[PDB]
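Peer 1: quick one, fold the following:
(4 chains, ligands or ions: 22)
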Protein chains: 4
Amino acid sequence: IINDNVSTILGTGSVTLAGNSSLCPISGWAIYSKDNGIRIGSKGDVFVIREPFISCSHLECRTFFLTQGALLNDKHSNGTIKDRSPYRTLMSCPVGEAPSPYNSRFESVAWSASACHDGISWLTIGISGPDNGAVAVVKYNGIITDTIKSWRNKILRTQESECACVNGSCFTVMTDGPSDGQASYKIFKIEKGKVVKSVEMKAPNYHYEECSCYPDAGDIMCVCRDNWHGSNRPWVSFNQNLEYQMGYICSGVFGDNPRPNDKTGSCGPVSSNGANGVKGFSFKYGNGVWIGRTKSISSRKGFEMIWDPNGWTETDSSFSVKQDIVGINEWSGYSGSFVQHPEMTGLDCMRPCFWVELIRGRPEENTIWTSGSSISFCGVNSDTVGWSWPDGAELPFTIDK
Amino acid sequence: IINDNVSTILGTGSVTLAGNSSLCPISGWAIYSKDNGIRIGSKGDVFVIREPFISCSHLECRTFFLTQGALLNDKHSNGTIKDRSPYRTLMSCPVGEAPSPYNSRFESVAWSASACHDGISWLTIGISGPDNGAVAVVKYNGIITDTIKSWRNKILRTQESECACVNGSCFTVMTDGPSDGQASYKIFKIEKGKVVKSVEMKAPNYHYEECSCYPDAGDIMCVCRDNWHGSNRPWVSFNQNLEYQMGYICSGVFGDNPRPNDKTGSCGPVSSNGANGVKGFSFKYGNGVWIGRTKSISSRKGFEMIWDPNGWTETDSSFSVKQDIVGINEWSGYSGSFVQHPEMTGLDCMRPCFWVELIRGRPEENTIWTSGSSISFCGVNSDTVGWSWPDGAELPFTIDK
Amino acid sequence: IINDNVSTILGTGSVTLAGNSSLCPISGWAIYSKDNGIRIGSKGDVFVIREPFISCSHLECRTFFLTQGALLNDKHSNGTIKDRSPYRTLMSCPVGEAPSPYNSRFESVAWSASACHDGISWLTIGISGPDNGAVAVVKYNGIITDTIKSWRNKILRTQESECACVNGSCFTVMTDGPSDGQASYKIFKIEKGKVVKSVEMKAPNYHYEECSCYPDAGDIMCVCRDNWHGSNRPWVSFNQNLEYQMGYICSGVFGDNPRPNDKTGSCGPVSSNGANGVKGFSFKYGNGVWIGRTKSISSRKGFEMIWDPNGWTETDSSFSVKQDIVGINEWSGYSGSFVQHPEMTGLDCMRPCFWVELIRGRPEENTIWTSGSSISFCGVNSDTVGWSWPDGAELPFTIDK
Amino acid sequence: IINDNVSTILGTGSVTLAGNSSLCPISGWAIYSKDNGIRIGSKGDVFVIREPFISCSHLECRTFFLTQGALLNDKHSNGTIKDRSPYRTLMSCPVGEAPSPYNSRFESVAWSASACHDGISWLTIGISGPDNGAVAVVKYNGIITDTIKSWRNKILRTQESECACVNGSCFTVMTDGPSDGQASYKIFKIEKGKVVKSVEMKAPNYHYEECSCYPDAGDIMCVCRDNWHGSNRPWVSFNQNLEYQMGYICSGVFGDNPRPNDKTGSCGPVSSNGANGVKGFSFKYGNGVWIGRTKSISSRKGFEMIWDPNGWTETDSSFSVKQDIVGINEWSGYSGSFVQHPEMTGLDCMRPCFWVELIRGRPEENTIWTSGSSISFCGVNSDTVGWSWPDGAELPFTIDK
Ligand SMILES: *[C@@H]1O[C@H](CO)[C@@H](O[C@@H]2O[C@H](CO)[C@@H](O)[C@H](O)[C@H]2NC(C)=O)[C@H](O)[C@H]1NC(C)=O
Ligand SMILES: *[C@@H]1O[C@H](CO)[C@@H](O[C@@H]2O[C@H](CO)[C@@H](O)[C@H](O)[C@H]2NC(C)=O)[C@H](O)[C@H]1NC(C)=O
Ligand SMILES: *[C@@H]1O[C@H](CO)[C@@H](O)[C@H](O)[C@H]1NC(C)=O
Ligand SMILES: *[C@@H]1O[C@H](CO)[C@@H](O)[C@H](O)[C@H]1NC(C)=O
Ligand SMILES: *[C@@H]1O[C@H](CO)[C@@H](O)[C@H](O)[C@H]1NC(C)=O
Ligand SMILES: *[C@@H]1O[C@H](CO)[C@@H](O)[C@H](O)[C@H]1NC(C)=O
Ligand SMILES: *[C@@H]1O[C@H](CO)[C@@H](O)[C@H](O)[C@H]1NC(C)=O
Ligand SMILES: *[C@@H]1O[C@H](CO)[C@@H](O)[C@H](O)[C@H]1NC(C)=O
Ligand SMILES: *[C@@H]1O[C@H](CO)[C@@H](O)[C@H](O)[C@H]1NC(C)=O
Ligand SMILES: *[C@@H]1O[C@H](CO)[C@@H](O)[C@H](O)[C@H]1NC(C)=O
Ligand SMILES: *[C@@H]1O[C@H](CO)[C@@H](O)[C@H](O)[C@H]1NC(C)=O
Ligand SMILES: *[C@@H]1O[C@H](CO)[C@@H](O)[C@H](O)[C@H]1NC(C)=O
Ligand SMILES: *[C@@H]1O[C@H](CO)[C@@H](O)[C@H](O)[C@H]1NC(C)=O
Ligand SMILES: *[C@@H]1O[C@H](CO)[C@@H](O)[C@H](O)[C@H]1NC(C)=O
Ligand SMILES: [Ca+2]
Ligand SMILES: [Ca+2]
Ligand SMILES: [Ca+2]
Ligand SMILES: [Ca+2]
Ligand SMILES: [Ca+2]
Ligand SMILES: [Ca+2]
Ligand SMILES: [Ca+2]
Ligand SMILES: [Ca+2]
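Peer 2: Numbers count the residues shown, from 1 in each chain, chains lettered A, B, ... in the order given. Ligands and ions are numbered 1, 2, ... in the order given. This is the structure:
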């Protein structure tokens, strides 16, 4: 006993997250964090970032993000550089803190990324390399533990949000192939950073990108982005053996952006305004769905949470509850799910939470640069309120003039 | 034993603050900290802050503050934004350090706030949302544990100083209603971040805002701000069961600002110059009172500690001891109590301390911005000295010209 | 056993430094650190500092320093402000790191200071208040534990270097009275931050300021600064009961600055060029002395270590070894002793070390500001080499033009 | 048991790295880190650095570097100062983070350096002093533990990469003498920072500089830089008793820079383009070699890994595998080996890794300054990809115009 407990004592945790509880009952969303990254970066030394997803360990939640190694208001924030560049790096800082070289931990070299914590150590996945042969480097506790190479030679890419950990194994989804047609999609089961299983989904006429995956009662649910021909979001669920089912959110409250106005939906891809999209998320609650989506159907502007009690399986456009998150005239962007496990909260259920990226700059504003700040909310079964928590930076910046 | 001790070992504390000792005997105030926030922020990257209250754990004391996510000498420090904005965040740094995005921990999204440490974990309370439906989000150890929604739909607001913890439960006061007339006041008892009890005080003709609450011998004493019709400060005391008594400081040494010149007082609200006020504090010592107050009766200038041996219950304007803190020609501002518990100090009594916010900028100076720096003092039973420890920034700044 | 060891485990050390070993045999000085504070602060956000003394805990050595809450190249570094100001604060950072608001721990409000570590916790002493009634605030583990008020009402002042800890008690020297005549000098013995004993030395015709004190074989030796009428340095030694002896370094290698050229010395104050001085240090080795001193006899320029095998008791001007530290044409300044205890090094003897402050700016240069950077060396019994490790900042700065 | 385990518990490790395993089988190199130091330092406060070698403890890998105490875009980055200056300091930060005074730990005063971790504590070696009498100061756990003085009085210099630790002893190589002719070379065995053994190699007609040393199966292999008359790299291997063998890499894939075009090689120094060179590395795998080298044979541009299955012993210019690291039109520079021990990775073999310094500025660009950023890769037995990961800073900077 002494010997095993002293080893245990000697930031690595002891027990894996079980991932065996279901989502907590909730009525609304309480605001969890806001970093004011771009407002602070007007003067401070703050990274130009994209995709600030959140993921929690046993002691804290962190914001992971991609950066081009350039600071706001610096000449290198110039958007002349391709998103999939050799300078792109995945890094992480505490939630609610501005992403700075003075507070950000380096995680990986990556222009596409995922990260999660199995209760013992951080798993990070960072994809770099050329478009025709990218490699995901898989680190566990900061040590490289595996690699995954592109298998269709067409931009290997992954979640841009947290992977999902259940009972010592973490799960993620990756896409290889075009972003405007049929592609190839793989589910990976990874233990201690070592890929122990993977399956290629037989998903003809489906399209999966930038999956928001969360654990629920031992299984994993991913709600993703159909960039090909879908204005509703696709989903794939699977158990710990990668036995999977697939579909699209049936609700007529369409979840992607761009999208048509709400009307009768489909449990397959809604082709109207289906091309393009945005990373997003949803929480399945029985046959209902908590949908997070932009307010504008044409631009990435505004954000709302919508409870549709039958949205997972019924095609009508009716719902019960709308909670405002970002006002319709304010910029939003990518959004993603993250969870807080009972091991961290002491609750008996999986707490659902989500983050919203607030994009400022190009293409929609007269700057040389593009960046995002971050807000995030957690679902609670107590009183909540809608509002607008936008980015609030006054553009353009000094570097733009 | 072994298994319970290794669990304990694996920054969370083991034992709650008991809160069962009375205030230490003191004769004066020894200076504890000074951050020079605005002087440093002239060049460094330092937040524009307000309300820098102090609160201590078992290992350190921290300065909590509200910020608009803007830095000194940056264009976003422009005071064009409502105080209750969606950009306002509660954050904290070590005492005496300038509040910077590089040293400040994010706590909550809030334009009104409270925080305290029960001996195990930090409790934070941050109110955000619209004026007609604000929600206090209650986090314990950084995890959302409860919410409290506005019940009069008129700017739910709280202490702007530390809550008080006794025997595992922490206590705070909140106000809902107008700031210029009768409002509604509630006492909350919170355990592990979960509201276990609350009482609405029956306070006709009282006004409570920005309560400075401290524990004393198992009960909680709050000295607050009457913004309606009081130039002396109101007080409310209660036990751990929320049985409460109320009053106003009887001393003719009036504690609010603005206020009349010292004359015979009242144990009810002194209506002369009673409208408006400043957050402040006092320590009840038997039937005497340690009053911390501005020196000017009309502006937020100067600061002094005054020992009135009968001020709690007698209306005369006589006192025995005055210790200077900030000179009469220097800017002061909000002031608040904080305590150091026997668990932290090794003393057998509750140490009283206080912080003073030193406001620079609008409305009283020719800048585009308003901020504060921080000084703080602890009561001791040894030799002390009066002086003036002002902010010392040379205004206006570059951003103002 | 379990219960006491778990408490022990739960950064406070367990055992006090014994302080019972003598100084290690040494032949020379190996360079230990250099911070390049002013060179870095040309662009970075670095404090304007003075008196960067060093002191070591069980895990690290730290540089403590006094700052006016102003940064290099900022308008507030303007030397218009008195040294004994209400803005002066004692802070500390890791040795060899530039002193920045982003890496500096706040210690105390002080314009005169001392600090040391008894093996369990940091003791800090910071003097603030008016010239006619200054108070030293004594903190132990960051908690205020005592105060010491001025007893001659003439600028209470202390070491500006580390106090000396032996067997759980730490010792320091303080001066009250004029800096140009007979003053009053007190030795303090402090346990857990509580002054347990103090003696006023009967030192007619002596003058003690800015004492460099170190422990040696259970006793404490202080080598100080005679600002009245001495160009050699005064010393006072005492045991743990404050039974003391006094004298001046007899060597004709005069240790103060300004001073006359080396000639036959005195074991009393050498009046020639005796007025004024600089903080300095020496190590007594039997009847010999390691003297650290400026190279110029008129300015604070250059620095050398000189081994005089009979300098403690003989008045001749002969010595054996000179090791160059700072070249004669480069600026130096204050210098101080610090020690590394066997508990930290694992040696069986007290390691002697010293730091040199390198002053740049007013009065000797055409700037608006005065600051210092830091070098430091430790004595070793292995091969060493003399050189010049000057400050190396190119003055004046942008703020000066 | 209890007392020894609590002692152990009370960042120092318990067990030394054994160093008894051989190199892991690998097929390629997965990218491990990229710091974007110069791009970030365009605006942020980042050191001008050289030689950013990497070395790992039991908990993390750190980038050590030499700096002149000057920041990018600051006037003190002016290259007017000798490389071997008194301002040069060895410092370290986490891998992949920009080297800033706000995140960099001070290690030593040094213009030549080495560092490694024996599993318990950090060993650092920093050489300072004059060219005719430089002293390496050897610190262990930050405490000075030994000195090594120049023995030929001609620029004592060392690895500029990590030393190699086996079974509690760490090993390094030092050179004293000219950089364009026969010099003197010494192997040092150091335990707890104390030099326990050293041998002067009998190396007529060899030249050793800037050795990249790694442990392998109980012995140490160093691949170094022949600055005298060699365009292939020299190697020296030795056991823990300092019994050594020597040679040059036989492969016609020449590893130094400058060098001739690939042709039939030699197991002695290849005199063609042999003068000068660059710090580099190679991994011996049986009779084959993993060679890391620039792409250009005349300038420090580009970088590639080349697997030559017989390159260690055969002089042919044939190889089997080339993996691109930095493109031919991009600036590279020094390169060095580092290792990850089984104690850190949980593997059963020594993981090989390497870092590349990417030099920007003089002599090859029109700036006043010279600095480097950092990339690094680890060998893996899984899928990899070649690419170009260059520095990516747009030169010149503001300070240059
Ligand atoms: C998920 O599995 C965990 C681990 O088995 C369950 O937690 C344990 O449940 C048992 C039985 O009720 C308790 O006695 C233990 O104290 C629990 N903790 C541990 C660490 O084993 C958990 O209840 C399961 N969650 C469900 C079923 O929702
Ligand atoms: C100073 O005192 C300490 C503490 O008593 C001495 O260290 C102990 O010495 C004894 C007797 O030799 C050893 O058995 C212990 O292991 C030592 N350590 C402790 C923690 O007690 C130390 O040797 C003394 N120094 C001298 C005499 O120079
Ligand atoms: C200590 O180790 C024992 C087995 O040796 C295990 O049963 C126990 O849970 C451990 N205690 C902890 C991890 O607190
Ligand atoms: C504890 O002490 C024992 C006895 O000295 C030793 O064998 C062991 O390695 C130590 N550590 C642990 C983790 O048991
Ligand atoms: C951004 O890049 C373009 C060329 O791609 C250049 O013309 C422009 O000046 C750059 N802007 C800044 C602010 O550096
Ligand atoms: C879950 O974890 C347990 C305990 O480590 C393990 O034995 C089991 O195989 C895992 N799998 C499932 C499907 O529960
Ligand atoms: C408060 O309670 C604790 C725990 O029971 C006790 O040790 C302590 O003495 C009490 N304090 C006072 C002042 O009675
Ligand atoms: C502050 O805001 C006012 C009102 O919008 C504007 O006119 C002014 O230019 C602003 N000042 C700065 C320095 O941004
Ligand atoms: C543990 O405590 C015992 C007494 O209870 C003491 O003798 C022993 O030295 C302690 N061990 C430590 C501090 O490592
Ligand atoms: C260890 O566990 C015992 C038994 O639960 C408990 O009484 C004690 O307070 C714990 N802590 C210590 C430091 O002994
Ligand atoms: C310094 O202060 C003087 C007045 O005391 C003033 O004239 C001068 O402009 C100041 N310099 C700077 C750089 O602020
Ligand atoms: C030294 O420390 C011991 C042990 O704590 C204590 O008993 C003793 O009084 C101290 N004094 C001297 C003079 O050694
Ligand atoms: C190295 O030595 C350790 C300790 O004896 C042993 O456990 C390990 O297996 C050895 N490694 C190899 C590769 O033989
Ligand atoms: C760099 O040094 C040169 C030579 O001393 C000097 O002429 C030049 O002005 C310097 N440049 C800068 C930017 O300081
Ligand atoms: Ca779409
Ligand atoms: Ca519906
Ligand atoms: Ca009032
Ligand atoms: Ca009275
Ligand atoms: Ca003198
Ligand atoms: Ca002599
Ligand atoms: Ca060569
Ligand atoms: Ca070959």
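Peer 1: could you check which residue of chain A lies nearest ligand 7?
Peer 2: residue A:346 (25.1 Å; CB to the nearest ligand atom). Backbone N, C-alpha and C define where each C-beta goes, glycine included.
Peer 1: can you tell me which residues contact residue A:155?
Peer 2: If you count contacts by CB atoms under 8 Å, 6 or more residues apart in numbering or on different chains, residue A:155 has them with A:84, A:131, A:134, A:176-177, A:179.
Peer 1: name the member of those residues with the most neighbours.
Peer 2: residue A:134 (24 neighbours; other CB atoms under 10 Å in any protein chain shown).
Peer 1: now do the same contact list for it.
Peer 2: Residue A:134 touches A:84, A:112, A:127-128, A:149-150, A:155-157, D:385, counting by CB under 8 Å, 6+ apart.
Peer 1: residue A:387: neighbour count?
Peer 2: Counted with other CB under 10 Å, residue A:387 comes out at 20.
Peer 1: surely it touches residue A:324?
Peer 2: Yes - in this structure, residue A:387 is within contact of residue A:324 by CB atoms under 8 Å, at 6.1 Å.
Peer 1: let me see the contact set for residue A:362.
Peer 2: A:79, A:368-370.
Peer 1: residue A:264 now?
Peer 2: Contacts of residue A:264 (CB under 8 Å, 6+ apart): A:252, A:315-317.
Peer 1: which two from these end up farthest apart in space?
Peer 2: A:315 and A:317 (8.2 Å; CB to CB).
Peer 1: shared neighbours of these two, anything?
Peer 2: With CB under 8 Å, 6+ apart as the test, residue A:315 and residue A:317 both reach A:251-252, A:264-265.
Peer 1: still on that earlier bit, just the closest of the contacts of residue A:362 to ligand 22, please.
Peer 2: Nearest to ligand 22 among those: residue A:79, at 45.6 Å, using CB to the ion.
Peer 1: please report phi then psi for the closest one.
Peer 2: Main-chain torsions, residue A:79, degrees, to the nearest 10: phi -80, psi 20.
Peer 1: do residue A:7 as well
Peer 2: According to degrees, to the nearest 10, residue A:7 has phi -60, psi -50.
Peer 1: now residue A:53
Peer 2: According to degrees, to the nearest 10, residue A:53 has phi -80, psi 160.
Peer 1: once you drop chain neighbours, what's closest to it?
Peer 2: Nearest residue to residue A:53 in three dimensions, chain neighbours excluded: residue A:161, at 4.2 Å (CB to CB, 6 or more residues apart in numbering or on different chains).
Peer 1: now the residue in the stretch 151-300 of chain A that ligand 19 sits nearest to: how far from ligand 8?
Peer 2: Minimum separation of the stretch 151-300 of chain A from ligand 19 (CB to the ion) falls at residue A:193, amounting to 66.0 Å. Here the criterion is CB to the nearest ligand atom, to the nearest Å. By it, residue A:193 lies 48 Å from ligand 8.
Peer 1: likewise residue A:285?
Peer 2: From residue A:285 over to ligand 8 (counting by CB to the nearest ligand atom), the distance is 45 Å.
Peer 1: and the spatially closest residue to that residue that is not a sequence neighbour, bridged to which residues?
Peer 2: Nearest non-adjacent residue to residue A:285, counting by CB to CB, 6+ apart: residue A:23, 6.4 Å away. With DSSP bridges as the criterion, residue A:23 is bridged to residue A:350.
Peer 1: quick one: residue A:269 and residue A:279, what's the gap?
Peer 2: 17 Å (CB to CB, to the nearest Å).
Peer 1: of the two, which one has the most company?
Peer 2: residue A:279 (23 against 20).
Peer 1: so what's the residue in the stretch 101-250 of chain A that ligand 1 sits nearest to up against?
Peer 2: Using CB to the nearest ligand atom, the closest approach of the stretch 101-250 of chain A to ligand 1 is made by residue A:217 at 7.8 Å. Applying CB under 8 Å, 6+ apart, we find residue A:217 in contact with A:20-22, A:350.
Peer 1: most proximal residue of chain A with respect to ligand 20?
Peer 2: residue A:102 (51.6 Å).
Peer 1: and what about that residue, helix, strand or coil?
Peer 2: Assigned by DSSP: H, G, I helix; E, B strand; the rest coil, the conformation of residue A:102 is coil.
Peer 1: that one against residue C:102, yeah?
Peer 2: Yes - at 6.4 Å, residue A:102 counts as touching residue C:102 under the criterion of CB under 8 Å.
Peer 1: tell me the centre residue of chain A?
Peer 2: Centroid-nearest residue in chain A, with CA atoms, centre = their mean: residue A:161, separated by 2.8 Å.
Peer 1: who touches it in this structure?
Peer 2: With contact taken as CB under 8 Å, 6+ apart, residue A:161 is in contact with A:51, A:53, A:114, A:210-213, A:279, A:281, A:336-338.
Peer 1: would you turn those into CSV with secondary structure?
Peer 2: Listed next are the contacts of residue A:161 as CSV, based on three-state DSSP:
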residue, secondary structure
A:51, strand
A:53, strand
A:114, strand
A:210, coil
A:211, coil
A:212, strand
A:213, strand
A:279, coil
A:281, strand
A:336, strand
A:337, strand
A:338, strand
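Peer 1: which of these are close to ligand 21?
Peer 2: Near ligand 21, taking CB under 5 Å from the ion as the test, no member of the contacts of residue A:161 is found.
Peer 1: now these as CSV including distance to ligand 6?
Peer 2: Output for those, formatted as CSV (distance: CB to the nearest ligand atom, whole Å):
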residue, distance to ligand 6
A:51, 31
A:53, 26
A:114, 22
A:210, 28
A:211, 22
A:212, 23
A:213, 18
A:279, 29
A:281, 25
A:336, 26
A:337, 23
A:338, 22
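Peer 1: now distance to residue C:306 too, for the residues you listed, in JSON lines please.
Peer 2: Below are the contacts of residue A:161 laid out as JSON lines (distance: CB to CB, whole Å):
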{"residue": "A:51", "distance to residue C:306": "63"}
{"residue": "A:53", "distance to residue C:306": "63"}
{"residue": "A:114", "distance to residue C:306": "64"}
{"residue": "A:210", "distance to residue C:306": "70"}
{"residue": "A:211", "distance to residue C:306": "72"}
{"residue": "A:212", "distance to residue C:306": "71"}
{"residue": "A:213", "distance to residue C:306": "71"}
{"residue": "A:279", "distance to residue C:306": "70"}
{"residue": "A:281", "distance to residue C:306": "72"}
{"residue": "A:336", "distance to residue C:306": "67"}
{"residue": "A:337", "distance to residue C:306": "70"}
{"residue": "A:338", "distance to residue C:306": "65"}
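Peer 1: thank you, goodbye.
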